[PDB]
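Below, read A as the first sequence line, B as the second, and so on, with proteins coming before strands; counting in each chain starts at 1. All values below were derived from every heavy atom in this structure, side-chain atoms included, with hydrogens, water molecules and symmetry-related copies excluded.
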Amino acid sequence: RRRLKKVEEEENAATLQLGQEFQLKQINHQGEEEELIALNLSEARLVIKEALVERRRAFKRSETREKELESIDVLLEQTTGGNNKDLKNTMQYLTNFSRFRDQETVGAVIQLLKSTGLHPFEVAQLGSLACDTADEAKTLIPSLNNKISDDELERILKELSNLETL
Amino acid sequence: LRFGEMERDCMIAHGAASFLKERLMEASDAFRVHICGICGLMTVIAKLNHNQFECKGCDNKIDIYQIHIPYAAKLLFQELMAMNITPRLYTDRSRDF
Amino acid sequence: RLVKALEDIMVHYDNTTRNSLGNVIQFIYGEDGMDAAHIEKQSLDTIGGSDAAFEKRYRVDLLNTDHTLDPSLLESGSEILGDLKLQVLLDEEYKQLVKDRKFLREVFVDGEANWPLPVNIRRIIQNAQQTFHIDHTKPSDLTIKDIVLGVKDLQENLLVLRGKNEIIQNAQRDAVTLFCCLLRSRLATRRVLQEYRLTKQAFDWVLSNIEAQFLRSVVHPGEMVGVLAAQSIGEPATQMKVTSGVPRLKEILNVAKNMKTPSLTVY
Amino acid sequence: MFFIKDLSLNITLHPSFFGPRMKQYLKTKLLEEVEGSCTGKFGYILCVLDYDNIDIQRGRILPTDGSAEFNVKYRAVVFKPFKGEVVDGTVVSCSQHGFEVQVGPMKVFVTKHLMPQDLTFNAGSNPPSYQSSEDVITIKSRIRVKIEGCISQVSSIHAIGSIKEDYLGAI
Amino acid sequence: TXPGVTXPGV
Amino acid sequence: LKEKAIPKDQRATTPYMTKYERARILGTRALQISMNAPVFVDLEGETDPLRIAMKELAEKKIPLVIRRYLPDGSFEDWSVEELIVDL
Amino acid sequence: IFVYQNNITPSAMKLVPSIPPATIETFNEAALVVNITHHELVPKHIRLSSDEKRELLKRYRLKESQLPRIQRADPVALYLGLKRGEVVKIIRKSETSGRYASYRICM
Amino acid sequence: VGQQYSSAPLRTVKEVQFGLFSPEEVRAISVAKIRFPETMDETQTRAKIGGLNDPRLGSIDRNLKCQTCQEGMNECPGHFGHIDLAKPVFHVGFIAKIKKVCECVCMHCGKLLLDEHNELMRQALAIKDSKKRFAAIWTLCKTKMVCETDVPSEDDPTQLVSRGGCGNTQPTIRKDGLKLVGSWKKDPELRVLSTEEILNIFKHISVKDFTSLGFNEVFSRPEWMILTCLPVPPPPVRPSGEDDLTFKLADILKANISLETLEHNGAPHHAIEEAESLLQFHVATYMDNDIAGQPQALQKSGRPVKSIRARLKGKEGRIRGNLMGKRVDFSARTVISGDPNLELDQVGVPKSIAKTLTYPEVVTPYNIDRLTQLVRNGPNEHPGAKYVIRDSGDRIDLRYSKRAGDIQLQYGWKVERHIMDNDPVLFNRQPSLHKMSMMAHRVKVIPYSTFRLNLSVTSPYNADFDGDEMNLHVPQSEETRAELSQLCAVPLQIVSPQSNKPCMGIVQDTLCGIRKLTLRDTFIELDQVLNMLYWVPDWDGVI
Amino acid sequence: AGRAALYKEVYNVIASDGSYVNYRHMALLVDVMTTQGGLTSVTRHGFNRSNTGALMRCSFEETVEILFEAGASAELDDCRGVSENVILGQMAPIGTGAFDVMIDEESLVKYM
DNA sequence: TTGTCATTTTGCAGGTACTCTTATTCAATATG
RNA sequence: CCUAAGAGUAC
DNA sequence: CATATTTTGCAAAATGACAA
Ligand SMILES: [Mg+2]
Ligand SMILES: [Zn+2]
Ligand SMILES: [Zn+2]
Ligand SMILES: [Zn+2]
């Protein structure tokens, strides 16, 4: 309720104190509740590209890193206008640190991490970070301690590293 | 001229709500005052030219609203505050009808 | 004081009368849902008169001669006699009229016939008679089944509450029962065919206007009936053995344990 | 990290703007106002999803004013930095107090206090960089950094990061 | 009474 | 708000426009016309915004809806087009 | 129902509430000489069942407190043995319409 | 020019949540600590820093901006200060409530006396509304005068269950003026309950205990009924010849300083108690000067001081005198006269009144020409315009602007022009006991100094022409104009809902004439028949 | 029966001098006076002692005491009454204000 | 182990608008 | 300018 | 010589016993 000025804890991924508006369940615009899904770098980049191409098509009706950057710049200029410096920086950051290429690989990754039955924040971090070993991932992400077996995390990171291309 | 209580009652009986609001606000005294969503008090420092709104105590700067109330209403609320009463004004419902 | 007490009473879109807290004061405004400005004093014909006068006014028999109808009144006056279904219709209509007579005599113990009701049927009948030039000599084009079914459909069409459940339907019937009694009292088969001598188009026009005027007389949601009632009581007070007038009004509003003239009536 | 969230914005339209292209005006005015914006409640707001049919609803006329208040609901992609989160980035500048790393749309300033003692600033090289015993961190160099604090700023945000933990630095 | 002319009582 | 909105197929309010509804529609439309809102009807030379709104209402060319609020907070949406102006 | 002549000792009034669901109602014979329900001022009272009360609250979108109240000491409520929360339908011969139905919740 | 643009979102107040200031909230919202009773410094030309008119609370001079918000007196709401009281004092409006609360709570351990173990406490606590709960709890716990550290078991009155009681004996508390005196049962010992100890015992009441007493955990805790920090209202509340509130606040500061010095330098308990009583009296009379029994705090001129409660209550108080009803602009009042030649819904308006009262018409392509013509005519002749409101908020007075030349109107601007014929205007006669005594008429501008109205409309107004005055209000927007013409118009009021019959009729000369005209003896020759037929405006033209 | 007797008393008062008032006004008055289960008087100790909102209740009588009790009890006023909106200077939910006027984009496009 | 009955104190507010005129703002003793 | 008082107009 | 301070309408709530 109002609660006047209520105190709150400081956010920390170690404790997973993301926030009152970053809870696991969020009420969607349709009125029902959906799990808080988080996008990894490649998945977020694909989502951005899909949104931009859809916007470009709606306006119209009404791979290598260099060519990808040229295409995204041209499409950004054609679709939207100005004041997109933050968007341009995010887009180039995503293209530079692009862990995956197309829909098939990101879909396989997301379904694999869904099969892990783990927290969306943790699986998104695992998909984004390109870790190598298991203890390295555990020390990088404190939230993964005492949640999954060491061998299972190691092997799933092995498949993720195998799926890495370019 | 005095638009007394029972003139307001006659206008209510006529059902003309907007005319009553215009009589009580635009014709007499309309005051724009700023409040915050944390505490309903009017203790919001609003530097309009610099575009800076800040309620000290609540320590918020991004949760400010402006409302149009009669200056007599603002004076009544400030007098209640001076008399150790908090007439907190909120812009959303916390309870269902 | 009266205005402040009733200032927040309003008619809502479900026809209930509620205050600012949503408490139900009346489940329908004025117990009939009608705007006060659309109410006129009219006479209920069934409640008064004698039993013989009531039969002569309303009873119609197609198989006897004591209460038969003149065949010249309507076009098919020589074919209706000897019918069975039409006699059943007249039987149920007269039974309903008798039930209405008993009901009205129950409601008004003094037998007062003139009461304020929404739609003025008499003016509608006069307007139809003057508009369609009723010659009062030509046999009527109407059929009895037409009259009965038209009255029934008109009763079905007088809607005050638009809900679609048993509670709301019962409330609607309770709301329109008295006006339906008046309507059956006026648009009876004998009275239509003999006293007024409607035609088919004139009867349809009368039904349409009754329905339109009844729908137009329903109170509008959002009406501030509380302030209206407070003013309608207070203003006549300014024009003003047992205490009366302003002192009695003050004793009533200020509910006082001890009053000047406590009197009791024994029958 | 990047998320997608359900957001709502109130837009007031003048009476003069209720032509047949009102939907177009509302869609355009939602953009240029929230696209690429920044706030402390949701971090950065980068783009809007499902632009084909954004929920505009009906729109309420303000009494005595005539303007209409639409509560447009939409899906927005956001980037909210969080405490104790490891993220990749690129160094863009270095200074005496520390160095700035480009993470998405934000610049995280890692101070010289949050690095191992082997790494030291060096202004001799052009451009000045950070050089250690085993590796050197220069401009346009990939580096992984763990964010442990965030500072809300005007139309921007300057978080606090570190590389002191194991397996933090250039890849 | 009233007041005027509390209650009674109070 | 989805729970509040009574579905159109089972609205139980009067299909006739109330006097207050008509007054507010005429006032709102006149105020909008006074502020150069587009006109959806042809003008026969009339210049008063109120009578322009009256002409718009006469032939149901007002693109507004009434959100009738029930005492419990639920509401029904009635387009001006489908409301019957009998008064 | 206990029907007494003059009065009940208050030492017995305190033990009137027995173990539920058994309820004890006390009436004075002087108060029961004339049946109040036959008075023309007293309209018809019908107790509602739980399903009927639920339907009444559902159809009118009402809460418990928004209904008109009837005290749990009213002579008609004592006559019918109303318990708190139970709703009586009141049938009345109105003069604007023939029949009017009200509802009162016991408090 | 009004108020300039603000980027903050515009909403309407949906809920008003009441409560009490916590002292820490007062200290947080206050912008200055008031310490010096003086309002102006020794130079007598500027506001003293730290005085009662601190510039941080708002500017007392139109020439200077507020030191806090850097806004003029038009915009600045005024920002509160705070006075840190030397010792806690009772709030004069809560003393009775404080007595009830301390009579419901143990005066030593600070726990509610009758817990749920008592039979009647389940009934008391089951009550929903806070006020009824508190009434029941008080009327059952006022008679208990022992903390009852051990109580009979709820299951059976055989074994004893120990609760968190201390076993002390609660005193009987009365009020003697502005203080509470407690008499403990003699093992009576009478002593004045210090406000400090009552505050301490209030701060020890558990959350569950005082939430059953009606108090709120977030908005009103019982210990907040004791004043430790006084919120000082800004100068807008007490504009200057200082206001009564300023003098009372100066007295409060003087008493506070006296008590603080006495405590700091050491003094006999009698002097300390006297200073404390003086401070309590000053605070109480500042908030309420109409305390029964206690003498009124007189002003320097020997009259009672107008306290805040005096400002709020009464017919002329804030609520009834400035909020429920208030003086309004765009209103006229003058003597009324009858006119048989006016229509039922018409009202005759003197030309001077029509030249004074104005309506703002938005400049539109449909009315650019006539509005421009009215602007050209100016305010000195009727019809004409008095002001031109620009889209930027700047206002052009038609007087003194004829030198600048002709003004080019632009769409969206407003022309504030004289009310013309057929303008809907609300028309009233007071007291105005019913809605028909306040109706919408159409203006007809006439060349004499009285309002003119039809004879048939005098009955709903209860108006004669023996000196009656009537009031005229002009709507200032299209919405108000339209709803006034479509809801309050005179023809729509002919049939009153008061008695479902017409409220206007034929009266006075017309009634006598209509009786004399319709007699069987009355015959009219051709010439008079033609004149009478022509006098009927809608006569079809056939004899 | 008390409500019926109250209506009869008020009707007798009104019609003692021959004046006539429609039934529904007196019916509304006597229903308000008896809606709480007892005879609620039109006085400070009657209708003004409900939970109908502090701002509404203070506008009649005992203003400052009502405000003090509201502050101590932390009453929440939902501003559903006329007096609350009159004090706050906003359109009351009465008459023309008993509903919200909104814009249909689809109908507006459908016109042209 | 429970009713009884019989004196002494408990709070107050008065309709709606509107016009005009008149007086008065602590006096005086006391210290800087 | 405020306050108080008095006289008065229409109810 | 000038500013500062000394007519009206009651039902209860509360009280003092109390009685075995
Ligand atoms: Mg007169
Ligand atoms: Zn705040
Ligand atoms: Zn300021
Ligand atoms: Zn204790």
TODO: Check the side chains of H:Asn500 and I:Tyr20 for a donor-acceptor pair under 3.5 angstrom, ignoring hydrogens and angles.
DONE: yes

Task: Name of the residue among H:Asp345, H:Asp421, H:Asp423 meeting salt bridge (charged side-chain N to carboxylate O under 4.0 Å, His left out) with H:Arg442 - done: H:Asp345

Task: Distance-only side-chain donor-acceptor flag, C:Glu223 / F:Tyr20, under 3.5 Å - done: yes

TODO: Using only heavy-atom distances, determine whether the side chains of C:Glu75 and C:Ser140 contain a donor-acceptor pair under 3.5 Å.
DONE: no

TODO: State whether a side-chain donor-acceptor pair under 3.5 Å links G:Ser94 with C:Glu31.
DONE: yes

TODO: Determine the sole option in C:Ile125, C:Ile121, C:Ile124, C:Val119 for which the side chain to side chain contact (heavy atoms under 4.5 Å, CB included) test with C:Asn209 is passed.
DONE: C:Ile124

TODO: Might you point out which heavy atoms bring C:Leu159 and C:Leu215 nearest each other, and give the distance in Å?
DONE: O-CD2, 3.5 Å

- [ ] Tell me yes or no: between the side chains of C:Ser43 and C:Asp45, is some donor less than 3.5 Å from an acceptor?
- [x] yes

Task: Side-chain donor-acceptor contact under 3.5 Å, C:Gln129 with C:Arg197 - done: no

Task: Inter-residue atom distance C:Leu44.CG - C:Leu183.CG, 0.5 Å rounding - done: 11.5 Å

Open item on the list: Under a 3.5 Å threshold, yes or no: a donor from one side chain and an acceptor from the other, between C:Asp83 and C:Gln87?
Closed with: no

Task: I:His25 ring center near C:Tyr29 ring center (under 6.0 Å) - done: no

- [ ] Take F:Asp42 and F:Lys55 through the salt bridge (charged side-chain N to carboxylate O under 4.0 Å, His left out) test and state the conclusion after the steps.
- [x] CA-CA 9 Å; F:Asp42 55 343; F:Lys55 188 167 193 298; 3.3 Å; yes

TODO: Using the six-membered ring wherever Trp is involved, compare the ring planes of H:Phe427 and H:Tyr461 and label them parallel, tilted or perpendicular (cut-offs 30° and 60°).
DONE: perpendicular

- [ ] Write out all pairs satisfying ring-ring contact (aromatic ring centres under 6.0 Å, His included) with one or both partners inside residues 515-543 of chain H, taking only residues at least two apart or from two chains.
- [x] none

TODO: Only pairs at least two apart or in different chains count here, so list each ring-ring contact (aromatic ring centres under 6.0 Å, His included) that has a residue in residues 42-72 of chain C.
DONE: C:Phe54-C:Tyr58, C:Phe54-C:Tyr94

Open item on the list: Please tell me whether C:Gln42 and C:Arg122 have a donor and an acceptor in their side chains that are separated by less than 3.5 angstrom.
Closed with: no

- [ ] With sequence neighbours left out, write down each residue that passes side-chain hydrogen bond (donor to acceptor under 3.5 Å, both in side chains) with F:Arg68, or none if nothing qualifies.
- [x] F:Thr13, F:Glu21

